[PDB]
Amino acid sequence: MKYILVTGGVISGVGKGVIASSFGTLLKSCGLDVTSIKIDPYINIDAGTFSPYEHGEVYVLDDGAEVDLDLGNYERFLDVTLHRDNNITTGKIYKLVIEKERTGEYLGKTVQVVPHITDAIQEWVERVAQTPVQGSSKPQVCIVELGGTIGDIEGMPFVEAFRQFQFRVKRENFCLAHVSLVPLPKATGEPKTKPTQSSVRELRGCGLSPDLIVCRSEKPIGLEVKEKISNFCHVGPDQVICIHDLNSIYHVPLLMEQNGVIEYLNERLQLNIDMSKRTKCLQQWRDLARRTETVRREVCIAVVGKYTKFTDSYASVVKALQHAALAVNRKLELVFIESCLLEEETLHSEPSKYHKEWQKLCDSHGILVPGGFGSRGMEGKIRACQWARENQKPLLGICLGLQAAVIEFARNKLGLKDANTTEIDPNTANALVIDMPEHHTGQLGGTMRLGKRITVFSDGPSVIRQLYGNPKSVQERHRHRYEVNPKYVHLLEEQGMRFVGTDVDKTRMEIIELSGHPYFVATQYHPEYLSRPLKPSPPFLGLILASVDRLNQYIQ
Amino acid sequence: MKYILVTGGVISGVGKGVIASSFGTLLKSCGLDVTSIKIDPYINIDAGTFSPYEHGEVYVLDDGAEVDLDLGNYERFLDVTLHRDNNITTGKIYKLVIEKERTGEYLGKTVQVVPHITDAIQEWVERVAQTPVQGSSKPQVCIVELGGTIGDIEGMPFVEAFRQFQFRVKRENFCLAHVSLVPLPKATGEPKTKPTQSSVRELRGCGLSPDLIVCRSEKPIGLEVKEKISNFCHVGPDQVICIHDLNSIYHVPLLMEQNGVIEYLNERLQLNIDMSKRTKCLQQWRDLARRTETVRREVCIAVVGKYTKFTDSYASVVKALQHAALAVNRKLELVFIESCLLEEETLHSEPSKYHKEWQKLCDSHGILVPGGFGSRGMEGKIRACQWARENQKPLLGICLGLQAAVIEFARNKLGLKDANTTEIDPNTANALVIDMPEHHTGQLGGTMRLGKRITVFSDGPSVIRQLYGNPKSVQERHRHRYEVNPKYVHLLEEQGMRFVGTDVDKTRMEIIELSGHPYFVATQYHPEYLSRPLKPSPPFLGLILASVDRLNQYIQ
Amino acid sequence: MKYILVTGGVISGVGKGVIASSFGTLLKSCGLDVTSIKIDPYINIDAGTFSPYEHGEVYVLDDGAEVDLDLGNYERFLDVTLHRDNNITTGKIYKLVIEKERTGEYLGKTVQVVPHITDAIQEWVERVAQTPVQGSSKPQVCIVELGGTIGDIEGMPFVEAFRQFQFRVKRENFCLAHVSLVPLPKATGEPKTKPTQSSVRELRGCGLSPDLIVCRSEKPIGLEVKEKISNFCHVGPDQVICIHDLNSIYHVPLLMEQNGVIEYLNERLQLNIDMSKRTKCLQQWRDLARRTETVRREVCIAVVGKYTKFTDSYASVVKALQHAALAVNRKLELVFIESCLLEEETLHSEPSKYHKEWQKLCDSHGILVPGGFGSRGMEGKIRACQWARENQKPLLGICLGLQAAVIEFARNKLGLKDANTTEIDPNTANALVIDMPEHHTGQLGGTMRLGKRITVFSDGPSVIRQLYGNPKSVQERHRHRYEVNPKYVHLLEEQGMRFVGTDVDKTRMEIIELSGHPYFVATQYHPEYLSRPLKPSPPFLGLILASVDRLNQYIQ
Ligand SMILES: O=P(O)(O)Oc1cc[n+]([C@@H]2O[C@H](COP(=O)(O)OP(=O)(O)OP(=O)(O)O)[C@@H](O)[C@H]2O)c(O)n1
Ligand SMILES: O=P(O)(O)Oc1cc[n+]([C@@H]2O[C@H](COP(=O)(O)OP(=O)(O)OP(=O)(O)O)[C@@H](O)[C@H]2O)c(O)n1
Ligand SMILES: O=P(O)(O)Oc1cc[n+]([C@@H]2O[C@H](COP(=O)(O)OP(=O)(O)OP(=O)(O)O)[C@@H](O)[C@H]2O)c(O)n1
Ligand SMILES: Nc1nc2c(ncn2[C@@H]2O[C@H](COP(=O)(O)OP(=O)(O)OP(=O)(O)O)[C@@H](O)[C@H]2O)c(=O)[nH]1
Ligand SMILES: Nc1nc2c(ncn2[C@@H]2O[C@H](COP(=O)(O)OP(=O)(O)OP(=O)(O)O)[C@@H](O)[C@H]2O)c(=O)[nH]1
Ligand SMILES: Nc1nc2c(ncn2[C@@H]2O[C@H](COP(=O)(O)OP(=O)(O)OP(=O)(O)O)[C@@H](O)[C@H]2O)c(=O)[nH]1
Ligand SMILES: Nc1ncnc2c1ncn2[C@@H]1O[C@H](COP(=O)(O)OP(=O)(O)O)[C@@H](O)[C@H]1O
Ligand SMILES: Nc1ncnc2c1ncn2[C@@H]1O[C@H](COP(=O)(O)OP(=O)(O)O)[C@@H](O)[C@H]1O
Ligand SMILES: Nc1ncnc2c1ncn2[C@@H]1O[C@H](COP(=O)(O)OP(=O)(O)O)[C@@H](O)[C@H]1O
Ligand SMILES: [Mg+2]
Ligand SMILES: [Mg+2]
Ligand SMILES: [Mg+2]
Ligand SMILES: [Mg+2]
Ligand SMILES: [Mg+2]
Ligand SMILES: [Mg+2]
Ligand SMILES: [Mg+2]
Ligand SMILES: [Mg+2]
Ligand SMILES: [Mg+2]
């Protein structure tokens with residue numbers, strides 16, 4: 001078994017996941033089976049209790065585990081399906097060890113970080129690396145990504161573990177890549193190398209030595225900076241890969257092939273790759289990266305959300321849209337609108353912002369309402385759906401735009417002024433959105449409707465079903481705690497609202513459609529999780545098509 | 001005695017010197033005498049062997065010590081005159097200690113870093129802090145600036161020293177300020193706080209605790225980032241000063257007064273300042289910062305140099321020009337031209353660059369040629385002077401534009417094709433620039449004509465003498481190793497070249513003038529070192545005036 | 001070239017030098033040429049300014065360099081002659097680097113610890129390792145001993161240096177041995193392993209990994225402690241050598257051969273030793289270690305000194321005596337007497353101590369007076385010589401017993417009551433001991449009569465000359481600053497004092513003899529430095545023989 005460890009330097013958000021996915025796709029293009037593991041030193045059994053501000057848009061697997069977006073990137077790049085054990089954390093490790101100790105599996109011995117925590121980590125990695133991930137394929141290489149920055153207090157065990165692992169698995173099966181930021185401050189006037197030097201020093205102060213150093217910068221750096229890094233960090237100049245900021249990440253693997261990473265990995269890990277064969281390996285990524293540069297059509301979409309100050313809180317969503325616009329041969333122009341500025345309280349405190357955001361909203365071609373939690377920014381998310389309804393503008397809603405749209409429809413058609421959520425006001429007369437008491441145990445954490453569930457469309461042709469290929473079923477990933485009230489269902493169904501989808505037992509609503517309206521589709525699940533570069537997601541596809549008035553043509 | 005220590009975080013070039021100078025000028029405006037010390041952990045007795053790429057434009061004091069530009073900033077802000085002992089280095093400390101040990105001043109004892117190196121450091125600081133610096137004034141506060149980043153291997157002694165010093169001088173006389181970078185990477189999408197956290201951790205791992213944290217960013221940061229820093233670095237929110245990138249540094253002290261640094265320092269160090277008195281303290285800096293924003297005249301100057309890829313290699317020069325253009329009520333527009341692109345070798349390899357740089361040079365209003373060393377970029381520095389001569393364009397030359405201009409005049413008027421330098425070709429027939437053998441001992445380091453020397457103008461009114469106030473003498477700082485050949489003097493003097501200045505013995509040329517030409521002045525010394533915000537330097541003044549055709553009017 | 005680095009753990013004085021010498025003699029017995037280097041991180045160009053309390057009895061080489069006793073051990077074990085460059089220190093390194101920088105050998109660059117100090121260290125080691133040391137032999141292995149404990153602030157450069165060196169010289173030519181203390185506190189009740197664990201952690205935190213761990217204990221440790229060390233320090237159980245406290249150090253190499261160090265070093269460094277040949281390699285050390293256990297004769301010697309609270313302040317001396325008593329087939333019984341207790345001031349403050357020490361002195365068979373400095377304990381060192389003179393007891397004096405004896409003879413025979421030293425009273429009427437003004441420059445350090453000088457005996461057979469083999473000359477190592485007054489020479493020579501030796505110019509006294517007395521020999525030089533296990537030193541030989549009444553028999 002072969003292992004590639006990807007560590008980090010100065011900051012989080014430096015680009016470790018993209019580098020790991022690029023290594024994976026390079027190796028997979030040359031005829032190797034690859035698996036991936038993500039280590040997150042935070043004390044959390046999963047990322048289900050995080051805000052999107054913390055680490056960017058919780059991702060959900062099929063089994064239902066909330067994880068970091070790096071696993072989403074792995075899935076999108078390598079076309080794999082990962083599990084809950086591909087995400088190691090300090091919380092899990094300590095819980096497992098404490099359980100084993102309270103059982104008596106080390107009776108007589110003092111349980112310490114070394115050897116026990118590190119042993120557990122190595123056993124977990126060994127175990128999961130051998131596990132097939134794209135069928136029953138036998139993985140030959142594992143890419144492990146160590147989260148955070150070297151030097152964090154939380155990740156000292158893991159480092160130690162791997163310092164042992166490299167001697168447990170025979171250096172010629174282990175390689176390390178350190179991703180470090182090279183900043184260029186405007187007032188300083190030059191790219192700075194000292195943070196990378198200090199990070200490599202901290203790394204070597206734990207028994208590990210880099211085999212590759214990946215320098216991340218906004219712009220490309222000269223050979224002088226490369227030489228400085230090679231000399232003050234003690235690696236060869238051929239072992240310094242400089243990956244700058246690019247338009248799309250599809251360019252990253254190519255830029256790696258252009259720098260000889262395949263040859264170095266075949267020489268260092270002894271992969272025995274026949275290279276007269278390997279040409280045209282990355283033709284997929286070449287085609288994608290090119291097509292991403294030749295499209296000039298400028299479809300403009302609005303994203304009305306409450307985390308819009310940190311765009312990475314909608315990563316999946318964004319990428320989904322891209323994967324659609326590129327298959328339609330269009331160029332995406334994304335507009336982020338903060339929901340609280342669509343509310344009337346801003347018209348009495350800051351009218352300029354109000355009118356500017358409403359201008360942005362009205363001069364677009366399509367609206368996407370993402371999911372969320374809480375009560376901050378939903379009463380403008382309501383008005384967005386209301387406007388798109390009363391002005392015939394395409395619309396896709398995702399797990400909270402559905403509920404917002406239902407409440408809006410109620411309050412604007414059925415004269416139900418108090419139609420509201422339990423998450424906002426639980427003591428409301430007309431509760432259109434109610435609590436699912438199976439997932440309201442008080443124990444927050446794992447207590448969500450999570451993972452892939454089955455879809456069943458009601459009878460009667462539906463545009464959204466035709467976009468799905470007219471099947472009887474489809475599996476989709478859910479992540480939610482509330483649910484639309486089934487009681488009021490027909491009170492909306494006897495109007496321009498139609499439930500074209502629900503669960504297998506026909507009492508939990510998960511899709512809705514507006515007749516007469518070009519495109520007003522909403523999904524309680526997240527269709528953003530199964531979109532891929534060469535396999536877009538039908539709802540986003542239809543949204544884009546409607547936004548360019550090509551939906552009926554594509555249907556026929 | 002009171003002490004303010006200024007430490008650094010993530011990178012060098014973060015802004016410690018400006019912060020120290022701002023503290024100094026704030027305290028000095030409220031009626032306190034201030035001195036300054038700079039500690040540079042590099043193993044060098046002085047910065048005379050550095051390239052400008054390394055640490056930005058060696059500065060020279062009156063005594064003749066080559067030092068960092070932070071001392072230039074101290075001098076410009078506080079109006080002081082500093083000495084060779086205001087610059088401590090590891091080399092000096094180790095040399096002194098080794099000498100004392102080889103004498104027998106610790107006979108019987110093992111000489112170690114602790115206690116001996118740290119003791120030496122503390123004794124030096126104690127000694128120099130009490131030394132009058134603006135006369136025989138008794139200093140009441142010393143600002144010590146520790147160079148480099150906390151964590152560097154070279155600065156561990158110093159840190160330790162100060163950890164002891166704070167108990168030697170009674171916490172209520174000691175305060176620490178940590179200047180740290182807060183980066184905002186484009187692809188990350190948020191200001192990052194982890195480097196500051198790690199720097200403060202490294203600092204606390206040496207026994208020191210910050211009393212102020214100065215966060216440096218390109219743009220202002222919100223209260224959320226401030227709260228994160230205050231919580232994860234364990235200081236009060238009132239102790240987090242956020243200094244972003246500004247147009248001029250004159251704004252820095254004001255921005256400090258706006259954040260309550262004076263009150264905090266009066267409460268923490270017990271300065272006993274009467275504040276009903278202190279209003280209008282910073283009126284000078286307010287006037288300067290304002291006038292720097294109200295000037296719309298756009299005088300455009302060219303700087304033809306060989307270090308133009310790192311602008312801080314001409315800091316003093318730049319500032320000098322500014323101090324002039326603001327007193328003339330003009331706005332400066334600086335153009336940096338690389339000299340090698342003015343040479344014909346680039347016309348046969350990259351003609352576009354050649355013609356673009358020549359365009360930049362020809363569409364300006366004045367030319368400044370700075371100093372330099374070596375042979376890379378002088379044959380275009382020659383052509384710049386030649387063009388300005390044959391096209392009647394104002395010109396100021398500084399310590400190598402003088403020699404370049406002399407060689408150009410020779411080769412273009414006296415038909416001396418081989419007129420060249422010894423620094424380029426020492427075996428040339430016509431050597432216009434020769435070696436001063438008193439400063440050519442082979443021992444490079446301190447072996448330069450350095451420091452303030454006396455000027456004497458030859459008889460005959462000179463515009464450059466009228467700009468100096470028509471005195472008989474003036475003291476100016478020199479830093480050089482070569483000198484124009486006195487033999488060829490009259491062969492140039494019997495033409496449009498005139499030596500309006502030389503030393504007291506009348507055999508070392510230091511100024512030259514071209515008759516008929518509006519302004520073609522050159523100085524072998526550096527007039528950039530004594531320019532001040534409210535006391536510009538006459539040569540730059542005349543350059544600007546000639547560049548706006550206001551020189552004759554100002555003369556009368 | 002092959003390198004064996006010997007590092008230290010918990011304390012200094014743990015036994016690194018003995019281990020290094022043992023490695024050397026093992027490799028040399030199997031047909032390999034070995035050289036040795038000692039690195040001392042203290043800031044001292046040599047140990048000539050140390051007290052014996054600091055690091056145990058300054059040793060002197062032939063060239064005249066004052067060094068640590070580990071070099072004495074190297075010389076005694078391997079039969080080599082070392083030079084001033086076999087002793088590296090931080091002071092030397094920093095002086096050399098600062099000189100090179102003030103010359104201009106890194107012009108343009110900032111001089112830092114990394115790379116410059118570490119480079120200097122590696123260049124020095126490379127250079128000296130190739131230098132022949134026992135003729136023009138070509139060394140094949142170098143044993144480098146890093147002084148102090150891993151973790152000391154002074155030795156961080158060196159560690160870093162070697163972390164690079166191991167990759168510069170190809171791991172298969174580099175091996176590391178870590179010597180660590182394993183204490184057994186009486187009240188704790190078990191051998192403790194945590195200090196060794198922490199030392200190995202600190203070592204690995206600098207990029208180095210042990211190839212051998214040598215555990216030092218007073219008594220042997222069980223296999224449980226060995227297993228704990230092997231597991232918590234991550235080496236193989238065959239790589240844990242346990243060297244306990246032994247009667248003689250001759251047993252150390254044998255105990256190493258008994259644990260398979262030769263085979264491990266031949267496998268790890270690829271020495272290609274033919275082992276069917278190597279049997280009987282350590283027969284010399286076997287014979288010595290045995291004979292050191294079979295001798296039952298109990299010759300009892302007194303050592304009257306002023307550093308007697310730390311016995312290692314006379315190491316060489318002690319060993320010299322041993323090397324003699326074993327060749328005479330006697331067992332040595334050493335008594336250490338503090339000189340200040342022989343003085344009358346103790347008879348009025350602590351008479352019991354006075355009388356006890358005088359009892360110890362009077363119930364012995366021979367007296368040895370060692371060298372010293374200062375004035376603390378010389379007026380009892382005078383009385384010891386006086387007693388041995390007036391009671392016919394053999395006596396050897398070393399570089400201060402000579403001066404003490406001369407002063408005693410003066411004050412007790414020539415009625416010169418004020419006969420004294422300049423080191424005690426420089427303003428004395430009768431100055432028997434005067435200052436050599438060639439070595440009194442004020443600059444203490446290197447300003448001593450040092451190194452090997454030539455001996456010439458005056459004409460007239462002398463017992464001490466017959467013990468030397470009746471030659472005309474002999475080279476001996478000196479270390480001193482004062483000298484007996486040549487003026488008073490004949491005033492003592494016209495009595496029972498006779499100068500049987502002096503320099504080549506016949507005006508500097510270096511030996512003296514008392515006629516009628518069995519053995520009263522004194523040497524201004526140190527004959528302790530050239531004594532070897534199988535080549536004793538004639539003065540100590542004669543002292544022992546006289547102490548067993550076998551001197552005249554051995555003469556004939
Ligand atoms: O400017 P000051 O006021 O802080 O004064 C300064 C700045 C820097 N230094 C020392 O020079 C070496 C390299 O410095 P340096 O930060 O530039 O590292 P580097 O290798 O060049 O990487 P990088 O590209 O990031 O710059 C280090 O030993 C520093 O301790 C000193 O003594 N005083
Ligand atoms: O993204 P990955 O792939 O590296 O995965 C990551 C990223 C970060 N973390 C952990 O979360 C905490 C704060 O992280 P964090 O870097 O953001 O520090 P902070 O306090 O928030 O300051 P800052 O503003 O600079 O962000 C730390 O304990 C980290 O070790 C983990 O476990 N996996
Ligand atoms: O007794 P207290 O009052 O201090 O309470 C103590 C003593 C020791 N410990 C922990 O047990 C482990 C091994 O301890 P330990 O010192 O014995 O190391 P080791 O591996 O066994 O080597 P060694 O032979 O030197 O003993 C360590 O993780 C200690 O932190 C604790 O928690 N409380
Ligand atoms: N043997 C045993 N030990 C227990 C049990 N429950 C708790 N312990 C603890 O676990 C320790 C076991 O460590 P061991 O090193 O095997 O000592 P031991 O139990 O006496 O076993 P021996 O050393 O073979 O005699 C005991 O000392 C107990 O203090 C139990 O049910 N059986
Ligand atoms: N006294 C003395 N010591 C010297 C001289 N030159 C080098 N040394 C060394 O410096 C050391 C002085 O340390 P001290 O602790 O004072 O020991 P001491 O010199 O014997 O002085 P006392 O302890 O008072 O007897 C000596 O041991 C010498 O090894 C010298 O000229 N005079
Ligand atoms: N060239 C030169 N530099 C000196 C001399 N004395 C001190 N220096 C300093 O050492 C530095 C040399 O560094 P370099 O990187 O070679 O810069 P340079 O001297 O301009 O040489 P080039 O980069 O080739 O133009 C100069 O910038 C000076 O500041 C000298 O006599 N000659
Ligand atoms: N080379 C690159 N060019 C542009 N954006 C990049 C690049 N590498 C990474 N990114 C983006 O930067 C963000 C952070 O990357 P990520 O993989 O999450 O890093 P980490 O795991 O260190 O937090 C993501 O939005 C990612 O798409
Ligand atoms: N607040 C600021 N805004 C703009 N430029 C700044 C600011 N502070 C410092 N600078 C500039 O940044 C550079 C580095 O500052 P300097 O005082 O040399 O810092 P340090 O001592 O850390 O290297 C200088 O050119 C300085 O004028
Ligand atoms: N195995 C041993 N048994 C007995 N004494 C020893 C042993 N090893 C070393 N010693 C003695 O301990 C002292 C310290 O050893 P030394 O070689 O000076 O160590 P280091 O270089 O660590 O200070 C010396 O007197 C030495 O003879
Ligand atoms: Mg991240
Ligand atoms: Mg964060
Ligand atoms: Mg909330
Ligand atoms: Mg700087
Ligand atoms: Mg630098
Ligand atoms: Mg040069
Ligand atoms: Mg020792
Ligand atoms: Mg000691
Ligand atoms: Mg003394």
# chains A, B, ... in the order shown; residues from 1 in each chain; ligands from 1
$ residues_near_ligand --ligand "ligand 14" --cutoff "9 Å" --atoms "only C-alpha atoms and all ligand atoms" --output "PyMOL selection string"
(chain A and resi 190+192-194) or (chain B and resi 11-13+53-55) or (chain C and resi 110)
$ write_last_selection --atoms "N, CA and C atoms" --output "mmCIF file, in the first residue's frame"
data_model
loop_
_atom_site.group_PDB
_atom_site.id
_atom_site.type_symbol
_atom_site.label_atom_id
_atom_site.label_comp_id
_atom_site.auth_asym_id
_atom_site.auth_seq_id
_atom_site.Cartn_x
_atom_site.Cartn_y
_atom_site.Cartn_z
ATOM 1 N N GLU A 190 6.924 42.514 -1.951
ATOM 2 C CA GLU A 190 7.626 41.330 -2.425
ATOM 3 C C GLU A 190 6.993 40.071 -1.849
ATOM 4 N N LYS A 192 6.762 36.865 0.264
ATOM 5 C CA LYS A 192 7.445 36.536 1.502
ATOM 6 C C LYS A 192 7.493 35.028 1.705
ATOM 7 N N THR A 193 8.646 34.554 2.166
ATOM 8 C CA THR A 193 8.948 33.136 2.261
ATOM 9 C C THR A 193 9.088 32.647 3.696
ATOM 10 N N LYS A 194 9.119 33.548 4.670
ATOM 11 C CA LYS A 194 9.389 33.219 6.062
ATOM 12 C C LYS A 194 8.302 32.341 6.675
ATOM 13 N N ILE B 11 5.723 38.237 9.335
ATOM 14 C CA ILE B 11 6.728 38.569 8.340
ATOM 15 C C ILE B 11 7.520 39.774 8.820
ATOM 16 N N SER B 12 8.695 39.947 8.232
ATOM 17 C CA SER B 12 9.365 41.234 8.262
ATOM 18 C C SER B 12 8.798 42.111 7.155
ATOM 19 N N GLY B 13 8.893 43.420 7.345
ATOM 20 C CA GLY B 13 8.174 44.332 6.485
ATOM 21 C C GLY B 13 6.736 44.532 6.890
ATOM 22 N N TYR B 53 18.091 44.679 -2.005
ATOM 23 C CA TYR B 53 17.054 43.656 -2.037
ATOM 24 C C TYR B 53 16.836 43.027 -0.669
ATOM 25 N N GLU B 54 17.878 42.967 0.156
ATOM 26 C CA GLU B 54 17.825 42.240 1.415
ATOM 27 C C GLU B 54 16.905 42.919 2.420
ATOM 28 N N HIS B 55 17.218 44.160 2.803
ATOM 29 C CA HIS B 55 16.430 44.865 3.807
ATOM 30 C C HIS B 55 16.197 46.329 3.455
ATOM 31 N N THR C 110 22.651 38.323 3.875
ATOM 32 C CA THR C 110 22.497 38.390 5.319
ATOM 33 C C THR C 110 23.089 37.143 5.956
#
$ interface_residues --of "chain A" --to "chain C" --cutoff "7 Å" --atoms "only C-alpha atoms" --output "list in words"
residues 204, 205, 206 and 207 of chain A
$ write_last_selection --atoms "C-alpha atoms" --output "JSON list (two decimals), in the first residue's frame"
[["chain", "number", "residue", "atom", "x", "y", "z"],
["A", 204, "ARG", "CA", 10.60, 18.87, 10.97],
["A", 205, "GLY", "CA", 10.36, 19.47, 14.72],
["A", 206, "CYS", "CA", 7.92, 16.55, 14.77],
["A", 207, "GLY", "CA", 10.01, 13.96, 12.92]]
$ residues_near_ligand --ligand "ligand 16" --cutoff "8 Å" --atoms "only C-alpha atoms and all ligand atoms" --output "list in words"
residues 12, 13, 14, 15, 55, 56, 68, 69, 70, 147 and 148 of chain C
$ residues_around --residues "residue 2 (chain A)" --least-positions-apart "4" --cutoff "12 Å" --atoms "only C-alpha atoms" --output "PyMOL selection string"
chain A and resi 27+32-36+125-126+129-130+139-144+165-166+168-176+265-266+268-271
$ residues_near_ligand --ligand "ligand 7" --cutoff "9 Å" --atoms "only C-alpha atoms and all ligand atoms" --output "NGL selection string"
(:A and (7-9 or 11-21 or 55-56 or 68-70 or 73 or 145-149 or 179 or 216-218 or 243-249 or 251-252 or 311-312 or 315)) or (:B and (186-189))
$ select_by_dssp --residues "region 427-539 of chain A" --states "strand (DSSP E)" --output "PyMOL selection string"
chain A and resi 431-435+449-456+473-480+482-484+498-502+509-513+520-523
$ atom_distance --atom1 "atom 28 (C, counted along the ligand's line) of ligand 5" --atom2 "CA of residue 49 (chain C)"
5.4 Å
$ residues_around --residues "residue 421 (chain A)" --least-positions-apart "3" --cutoff "7 Å" --atoms "only C-alpha atoms" --output "ChimeraX atom specification"
/A:424-426,431-434
$ residues_near_ligand --ligand "ligand 4" --cutoff "10 Å" --atoms "only C-alpha atoms and all ligand atoms" --output "count of residues only"
5
$ closest_residue --among "A:351, A:91, A:72, A:496" --to "residue 154 (chain A)" --atoms "only C-alpha atoms"
A:91
$ closest_atom_pairs --of "chain B" --to "ligand 2" --cutoff "12 Å" --atoms "only C-alpha atoms and all ligand atoms" --output "tab-separated table"
residue	atom	partner	partner_atom_place_in_ligand_line	distance
B:181	CA	ligand 2	25 (O)	11.3
B:182	CA	ligand 2	25 (O)	8.6
B:183	CA	ligand 2	25 (O)	8.8
B:184	CA	ligand 2	24 (O)	9.5
B:185	CA	ligand 2	25 (O)	10.7
B:188	CA	ligand 2	26 (O)	9.6
B:189	CA	ligand 2	24 (O)	10.5
B:190	CA	ligand 2	24 (O)	7.5
B:191	CA	ligand 2	24 (O)	6.3
B:192	CA	ligand 2	25 (O)	3.7
B:193	CA	ligand 2	25 (O)	3.9
B:194	CA	ligand 2	25 (O)	3.8
B:195	CA	ligand 2	25 (O)	6.9
B:196	CA	ligand 2	25 (O)	8.5
B:197	CA	ligand 2	22 (O)	7.7
B:198	CA	ligand 2	22 (O)	9.7
B:221	CA	ligand 2	24 (O)	11.8
B:224	CA	ligand 2	24 (O)	10.2
B:225	CA	ligand 2	24 (O)	7.7
B:226	CA	ligand 2	24 (O)	10.7
B:227	CA	ligand 2	20 (O)	11.1
B:228	CA	ligand 2	20 (O)	7.3
B:229	CA	ligand 2	20 (O)	8.6
B:230	CA	ligand 2	20 (O)	11.4
B:231	CA	ligand 2	20 (O)	9.7
B:232	CA	ligand 2	20 (O)	7.3
B:233	CA	ligand 2	20 (O)	10.2
$ atom_distance --atom1 "CA of residue 155 (chain C)" --atom2 "CA of residue 443 (chain C)"
27.4 Å
$ atom_distance --atom1 "atom 18 (P, counted along the ligand's line) of ligand 6" --atom2 "CA of residue 48 (chain B)"
11.8 Å
$ decode --residues "region 461-465 of chain C" --atoms "N, CA, C and O atoms" --output "tab-separated table (two decimals), in the first residue's frame"
chain	number	residue	atom	x	y	z
C	461	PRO	N	74.72	12.15	37.63
C	461	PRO	CA	73.63	11.17	37.67
C	461	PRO	C	72.54	11.56	38.66
C	461	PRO	O	72.81	12.03	39.76
C	462	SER	N	71.29	11.34	38.25
C	462	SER	CA	70.13	11.66	39.07
C	462	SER	C	69.13	10.52	38.98
C	462	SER	O	68.86	10.01	37.88
C	463	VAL	N	68.59	10.12	40.13
C	463	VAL	CA	67.60	9.04	40.16
C	463	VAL	C	66.47	9.34	39.18
C	463	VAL	O	65.98	8.44	38.48
C	464	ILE	N	66.03	10.60	39.12
C	464	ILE	CA	64.93	10.95	38.24
C	464	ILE	C	65.37	10.85	36.78
C	464	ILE	O	64.53	10.61	35.89
C	465	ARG	N	66.66	11.01	36.50
C	465	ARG	CA	67.15	10.81	35.15
C	465	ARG	C	67.29	9.33	34.82
C	465	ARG	O	67.05	8.93	33.67
